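Worksheet for the structure shown next.
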Amino acid sequence: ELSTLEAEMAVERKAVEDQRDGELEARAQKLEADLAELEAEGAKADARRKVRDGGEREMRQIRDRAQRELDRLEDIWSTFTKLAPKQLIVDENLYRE
């Protein structure tokens, strides 16, 4: 069943990556629109670049969340593929996955 299992794993990872890309695109359009808002009124360069730094930190957090999930799935797959007797699994969440 390795064929089908690796296939489902690949599809799951793809769903995660699609979600990440959609979130990042949404947030990027949002930051562009918000910086346009700020430039519409009296825009203090300092405040606008603060808003830009906030948006970039949010995009970083989104990417890092997605990457955490991708690495979790990678560990799950590697562990199952190499699973054998006498191996110790110390993570409750990893074992239950």
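Read in order, the letters of the sequence shown correspond to residues 147 to 243 in the deposited numbering. For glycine and all other residues, C-beta sits at the position ideal for the given N, C-alpha and C.
Nearest-angstrom Cβ-Cβ length linking residue i and residue j, presumed shorter than 8 Å
i, j, result
"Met205", "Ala179", "14 Å between Cβ atoms; not a contact."
"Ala212", "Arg242", "No, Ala212 and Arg242 are not in contact; Cβ-Cβ is about 22 Å, not under 8 Å."
Spatial distance of residue i from residue j (CA atoms)
i, j, result
"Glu171", "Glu154", "26 Å"
"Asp199", "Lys232", "49 Å"
"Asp192", "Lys176", "19 Å"
Contacts around residue i, its chain only, beta-carbon distance under 7 Å, and the 5 residues preceding and following it disregarded
i, result
"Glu158", "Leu219"
Closest by C-alpha distance to residue i, when choosing among the options
i, options, result
"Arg214", "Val197, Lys190 and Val162", "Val162"
"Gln207", "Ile235, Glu169, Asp164 and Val236", "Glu169"
Residues of its chain near residue i, where Cβ-Cβ distance is below 8 Å and the 5 sequence neighbours each way are ignored
i, result
"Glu185", "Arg194"
"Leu151", "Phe226"
Does the pairing of the stretch 221-239 with the stretch 198-212 give three or more beta-carbon distances under 8 Å?
-> Counting C-beta pairs with one atom in each stretch, the stretch 221-239 and the stretch 198-212 have fewer than three that are closer than 8 Å, which means they do not touch.
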